[PDB]
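Coming up, as structure tokens: structure 1 and structure 2, two forms of one and the same protein chain.
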Structure 1
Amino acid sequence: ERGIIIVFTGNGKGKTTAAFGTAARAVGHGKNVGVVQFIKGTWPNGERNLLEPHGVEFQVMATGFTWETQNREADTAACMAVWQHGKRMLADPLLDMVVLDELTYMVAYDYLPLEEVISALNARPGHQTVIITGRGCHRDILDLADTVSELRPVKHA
């Protein structure tokens, strides 16, 4: 099959969950998946706990991440370090799916060059499906995507 680019955006809950439900499906089907999480949570990683042991590679942003205006140099460096792994996955012919969780924020805060993103996506192995998640996804990424689902919060607990 031809790999496509899927985007889960919107303010409603379920973006990251949709992405990992997709990765789970793929894993359940014997496909190879790699994941990059651009935002580190203070909590234990259930998804990772589940998937990782199946051989799924996970790449998480370093704990140092500040978001502080004063620390942009250091933060951007960490962002770039993690992205290096992503670029690698986006170039691996053997990876059926790549999940780029909370990548929208990286672009929205300029910690990752858009151009670099469009390039790596455009140049990925043909059968490779990429899932991108995050609120406020950049319009140029949305245009490149094959499917864009916007999670509209009709209600939230």
Structure 2
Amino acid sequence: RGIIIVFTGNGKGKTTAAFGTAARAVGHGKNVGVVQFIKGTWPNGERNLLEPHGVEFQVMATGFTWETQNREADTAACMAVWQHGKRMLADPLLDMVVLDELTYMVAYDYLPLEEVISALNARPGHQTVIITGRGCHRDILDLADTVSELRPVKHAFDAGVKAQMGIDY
């Protein structure tokens, strides 16, 4: 059976765990679909690597909400990208769907919670969903089969190390 996995918490490794699992599925010939919220204005190494293997990526591509500073524009992009999420979540030819940084869309009221719950509950029985992001709604956590919270024991950004291509994005 397909399960729902959540990678949450403030430490590094949520999105990279989701995409390491996608890499794992692609390496066994499974089909993966990907939707990424907020993200898209920076280079994306995981997309560079996986898209040529037939992993469809749909990204919101608006950027940080504290840069865009435009709730309505962000909400419109969230909903448009979500239309891709709902298609994937309805596609029995996909073994796995990644919904990366979905947490914030619910937390900021961009994306109604009920739409997320019913799409997850209507999905094909064999399909696994990986949701990531800080600050995951309790009801998504309750619905999930596996939840790992990445505790931020230490992060190199605190010690003054800049984000670098190939590590941080």
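Each form is matched to the other, and the largest set of C-alpha atoms that superpose within 1.5 Å is called the rigid core. Here, a residue number simply tells you its place in the sequence of structure 1, counted from 1.
Novice: With the two forms superposed on the core, which of 64, 46, 113, 125 shows a CA shift of 2 angstroms or more between structure 1 and structure 2?
Specialist: The listed residue whose C-alpha shifts by at least 2 Å is 64.
Novice: Do you see a C-alpha shift of 2 Å or more at residue 74 between structure 1 and structure 2, with the core held fixed?
Specialist: Yes, the C-alpha moves 2 Å or more.
Novice: Once the core is aligned, what is the C-alpha displacement of residue 34 between structure 1 and structure 2? Give it in Å to one decimal.
Specialist: With the rigid core fitted, the alpha carbon of residue 34 is displaced 0.3 Å between structure 1 and structure 2.
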